[PDB]
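Here the structure comes first, spelled out in structure tokens, and everything after it is commentary.
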Protein chains: 2
Amino acid sequence: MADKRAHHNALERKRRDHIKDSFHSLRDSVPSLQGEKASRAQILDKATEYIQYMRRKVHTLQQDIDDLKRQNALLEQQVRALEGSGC
Amino acid sequence: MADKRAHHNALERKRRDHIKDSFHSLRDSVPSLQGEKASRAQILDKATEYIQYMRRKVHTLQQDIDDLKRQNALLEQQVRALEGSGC
């Protein structure tokens, strides 16, 4: 059925290297990570800064969008509710 | 100077577990990761989806902010450049 033992003719190794696998996927997550080889967790160093800072940006970001959304919303509602004799 | 060898009375282990260390930091990156224990790389599974999807949101996000920014910008420039006799 199989020469060596390890597993049963199925994927070798086990859940001890699954990281490196996903890591590779992460390796591409940060395209600059290549010039910043920070140890095997090099993607983790940036992965942790991203989810954190990246998330912070979204909050503050959408924050200016929700405010701007209301502006042009009521802003255009006046630019259109005024033109056509109104003064 | 030191009983066992391993290192020189300094931090034990070496650069073979530095991940788990940063990992712990990542463990908090995803607060829901706890209910989604996806193997040691469990934070990587989400860390990779975040940097990717999270980044995608920013692009599309700021996209609606740059457009909304120009709106209320020219929108208010008319709401103010019209009031005061203009019809």
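Each chain of the structure tokens is named A, B, ... in the order shown, its residues numbered from 1; ligands are numbered from 1 in display order.
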
Hey, could you make a per-residue contact list for chain B against chain A with 8 Å as the cut-off, showing the nearest pair of atoms and its distance in Å to one decimal, counting only C-alpha atoms, sorted by chain and number, as JSON lines?
```
{"residue": "B:15", "atom": "CA", "partner": "A:39", "partner_atom": "CA", "distance": 7.4}
{"residue": "B:18", "atom": "CA", "partner": "A:41", "partner_atom": "CA", "distance": 7.0}
{"residue": "B:19", "atom": "CA", "partner": "A:41", "partner_atom": "CA", "distance": 4.9}
{"residue": "B:22", "atom": "CA", "partner": "A:44", "partner_atom": "CA", "distance": 6.6}
{"residue": "B:23", "atom": "CA", "partner": "A:44", "partner_atom": "CA", "distance": 7.0}
{"residue": "B:25", "atom": "CA", "partner": "A:48", "partner_atom": "CA", "distance": 7.1}
{"residue": "B:26", "atom": "CA", "partner": "A:48", "partner_atom": "CA", "distance": 5.3}
{"residue": "B:29", "atom": "CA", "partner": "A:48", "partner_atom": "CA", "distance": 6.2}
{"residue": "B:30", "atom": "CA", "partner": "A:51", "partner_atom": "CA", "distance": 7.9}
{"residue": "B:39", "atom": "CA", "partner": "A:15", "partner_atom": "CA", "distance": 7.3}
{"residue": "B:40", "atom": "CA", "partner": "A:19", "partner_atom": "CA", "distance": 6.7}
{"residue": "B:41", "atom": "CA", "partner": "A:19", "partner_atom": "CA", "distance": 4.8}
{"residue": "B:44", "atom": "CA", "partner": "A:22", "partner_atom": "CA", "distance": 6.5}
{"residue": "B:45", "atom": "CA", "partner": "A:22", "partner_atom": "CA", "distance": 6.7}
{"residue": "B:47", "atom": "CA", "partner": "A:47", "partner_atom": "CA", "distance": 5.6}
{"residue": "B:48", "atom": "CA", "partner": "A:26", "partner_atom": "CA", "distance": 5.3}
{"residue": "B:50", "atom": "CA", "partner": "A:51", "partner_atom": "CA", "distance": 6.1}
{"residue": "B:51", "atom": "CA", "partner": "A:50", "partner_atom": "CA", "distance": 6.1}
{"residue": "B:52", "atom": "CA", "partner": "A:29", "partner_atom": "CA", "distance": 6.5}
{"residue": "B:54", "atom": "CA", "partner": "A:54", "partner_atom": "CA", "distance": 7.0}
{"residue": "B:55", "atom": "CA", "partner": "A:54", "partner_atom": "CA", "distance": 7.3}
{"residue": "B:57", "atom": "CA", "partner": "A:58", "partner_atom": "CA", "distance": 7.9}
{"residue": "B:58", "atom": "CA", "partner": "A:58", "partner_atom": "CA", "distance": 6.4}
{"residue": "B:61", "atom": "CA", "partner": "A:62", "partner_atom": "CA", "distance": 6.9}
{"residue": "B:62", "atom": "CA", "partner": "A:61", "partner_atom": "CA", "distance": 6.9}
{"residue": "B:64", "atom": "CA", "partner": "A:65", "partner_atom": "CA", "distance": 7.1}
{"residue": "B:65", "atom": "CA", "partner": "A:65", "partner_atom": "CA", "distance": 5.2}
{"residue": "B:68", "atom": "CA", "partner": "A:68", "partner_atom": "CA", "distance": 5.7}
{"residue": "B:69", "atom": "CA", "partner": "A:68", "partner_atom": "CA", "distance": 6.4}
{"residue": "B:71", "atom": "CA", "partner": "A:72", "partner_atom": "CA", "distance": 5.6}
{"residue": "B:72", "atom": "CA", "partner": "A:72", "partner_atom": "CA", "distance": 4.5}
{"residue": "B:75", "atom": "CA", "partner": "A:75", "partner_atom": "CA", "distance": 5.8}
{"residue": "B:76", "atom": "CA", "partner": "A:75", "partner_atom": "CA", "distance": 6.2}
{"residue": "B:78", "atom": "CA", "partner": "A:79", "partner_atom": "CA", "distance": 6.9}
{"residue": "B:79", "atom": "CA", "partner": "A:79", "partner_atom": "CA", "distance": 5.8}
{"residue": "B:83", "atom": "CA", "partner": "A:87", "partner_atom": "CA", "distance": 7.1}
{"residue": "B:84", "atom": "CA", "partner": "A:87", "partner_atom": "CA", "distance": 7.2}
{"residue": "B:85", "atom": "CA", "partner": "A:87", "partner_atom": "CA", "distance": 5.6}
{"residue": "B:86", "atom": "CA", "partner": "A:87", "partner_atom": "CA", "distance": 6.7}
{"residue": "B:87", "atom": "CA", "partner": "A:85", "partner_atom": "CA", "distance": 5.6}
```

Cα-based least-squares overlay of chain A on chain B, as an mmCIF file with C-alpha atoms, in the first residue's frame:
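The result, stored in part.cif:
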```cif
data_model
loop_
_atom_site.group_PDB
_atom_site.id
_atom_site.type_symbol
_atom_site.label_atom_id
_atom_site.label_comp_id
_atom_site.auth_asym_id
_atom_site.auth_seq_id
_atom_site.Cartn_x
_atom_site.Cartn_y
_atom_site.Cartn_z
ATOM 1 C CA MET A 1 28.714 31.153 32.602
ATOM 2 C CA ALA A 2 25.703 28.965 31.729
ATOM 3 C CA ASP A 3 24.410 25.494 32.679
ATOM 4 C CA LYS A 4 22.831 24.121 29.476
ATOM 5 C CA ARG A 5 24.163 25.122 26.037
ATOM 6 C CA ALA A 6 21.422 26.117 23.558
ATOM 7 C CA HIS A 7 22.289 29.842 23.591
ATOM 8 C CA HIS A 8 24.531 32.113 25.702
ATOM 9 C CA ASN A 9 22.363 32.914 28.750
ATOM 10 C CA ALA A 10 20.242 34.997 26.341
ATOM 11 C CA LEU A 11 16.719 34.438 24.969
ATOM 12 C CA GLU A 12 16.305 30.656 24.572
ATOM 13 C CA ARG A 13 15.031 29.042 21.339
ATOM 14 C CA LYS A 14 15.984 30.997 18.194
ATOM 15 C CA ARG A 15 14.466 32.280 14.914
ATOM 16 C CA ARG A 16 12.451 29.051 14.537
ATOM 17 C CA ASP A 17 9.501 30.149 16.706
ATOM 18 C CA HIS A 18 9.621 33.929 16.154
ATOM 19 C CA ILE A 19 6.364 33.362 14.240
ATOM 20 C CA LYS A 20 4.198 32.149 17.180
ATOM 21 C CA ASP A 21 5.538 35.260 18.945
ATOM 22 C CA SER A 22 4.277 37.667 16.268
ATOM 23 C CA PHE A 23 1.373 35.227 15.810
ATOM 24 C CA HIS A 24 0.195 36.004 19.354
ATOM 25 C CA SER A 25 0.170 39.671 18.303
ATOM 26 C CA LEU A 26 -1.819 38.574 15.244
ATOM 27 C CA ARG A 27 -4.058 36.416 17.468
ATOM 28 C CA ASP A 28 -5.545 39.729 18.635
ATOM 29 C CA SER A 29 -5.522 41.130 15.082
ATOM 30 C CA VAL A 30 -8.626 39.051 14.362
ATOM 31 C CA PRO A 31 -10.888 39.130 17.409
ATOM 32 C CA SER A 32 -13.201 36.538 15.800
ATOM 33 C CA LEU A 33 -10.209 34.276 15.023
ATOM 34 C CA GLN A 34 -10.862 32.737 18.457
ATOM 35 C CA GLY A 35 -14.157 31.215 17.249
ATOM 36 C CA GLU A 36 -12.448 30.300 13.953
ATOM 37 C CA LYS A 37 -9.344 28.460 15.221
ATOM 38 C CA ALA A 38 -8.035 27.586 11.734
ATOM 39 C CA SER A 39 -4.753 25.848 12.682
ATOM 40 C CA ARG A 40 -1.674 27.806 13.851
ATOM 41 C CA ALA A 41 -1.959 29.891 10.655
ATOM 42 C CA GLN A 42 -5.578 30.619 11.640
ATOM 43 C CA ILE A 43 -4.569 34.304 11.832
ATOM 44 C CA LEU A 44 -2.850 33.873 8.471
ATOM 45 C CA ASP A 45 -6.048 32.577 6.859
ATOM 46 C CA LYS A 46 -7.738 35.816 7.944
ATOM 47 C CA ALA A 47 -4.548 37.920 7.743
ATOM 48 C CA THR A 48 -4.340 37.031 4.036
ATOM 49 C CA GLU A 49 -8.053 37.732 3.455
ATOM 50 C CA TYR A 50 -7.766 41.075 5.295
ATOM 51 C CA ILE A 51 -4.738 42.615 3.529
ATOM 52 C CA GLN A 52 -6.444 41.511 0.288
ATOM 53 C CA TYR A 53 -10.160 42.256 0.793
ATOM 54 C CA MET A 54 -9.436 45.003 3.363
ATOM 55 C CA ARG A 55 -7.222 46.657 0.725
ATOM 56 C CA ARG A 56 -9.902 46.214 -1.962
ATOM 57 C CA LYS A 57 -12.384 48.094 0.253
ATOM 58 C CA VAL A 58 -10.006 51.051 0.711
ATOM 59 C CA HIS A 59 -9.579 51.465 -3.064
ATOM 60 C CA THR A 60 -13.337 51.378 -3.754
ATOM 61 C CA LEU A 61 -13.893 53.332 -0.520
ATOM 62 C CA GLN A 62 -11.649 56.371 -1.106
ATOM 63 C CA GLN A 63 -13.045 56.127 -4.653
ATOM 64 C CA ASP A 64 -16.481 57.276 -3.434
ATOM 65 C CA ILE A 65 -14.779 59.830 -1.147
ATOM 66 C CA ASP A 66 -12.790 61.475 -3.953
ATOM 67 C CA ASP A 67 -16.008 61.729 -5.991
ATOM 68 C CA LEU A 68 -18.095 62.936 -3.028
ATOM 69 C CA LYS A 69 -15.298 65.361 -2.084
ATOM 70 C CA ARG A 70 -15.561 67.048 -5.503
ATOM 71 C CA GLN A 71 -19.372 67.144 -5.228
ATOM 72 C CA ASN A 72 -19.981 69.047 -1.962
ATOM 73 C CA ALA A 73 -16.889 71.017 -3.061
ATOM 74 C CA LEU A 74 -18.516 72.369 -6.233
ATOM 75 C CA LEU A 75 -21.990 71.811 -4.761
ATOM 76 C CA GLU A 76 -21.451 74.225 -1.851
ATOM 77 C CA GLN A 77 -19.528 76.552 -4.196
ATOM 78 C CA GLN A 78 -22.880 77.043 -5.956
ATOM 79 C CA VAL A 79 -25.137 76.947 -2.917
ATOM 80 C CA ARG A 80 -23.031 79.886 -1.679
ATOM 81 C CA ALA A 81 -22.321 81.489 -5.077
ATOM 82 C CA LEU A 82 -26.093 81.714 -5.693
ATOM 83 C CA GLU A 83 -27.805 82.771 -2.438
ATOM 84 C CA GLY A 84 -28.050 86.581 -2.236
ATOM 85 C CA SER A 85 -29.890 87.588 -5.432
ATOM 86 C CA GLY A 86 -28.843 85.474 -8.442
ATOM 87 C CA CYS A 87 -31.929 84.023 -10.184
#
```

* **DSSP-assigned helix (DSSP H, G or I) members of chain A, reported as a ChimeraX atom specification** => /A:18-29,33-36,42-79
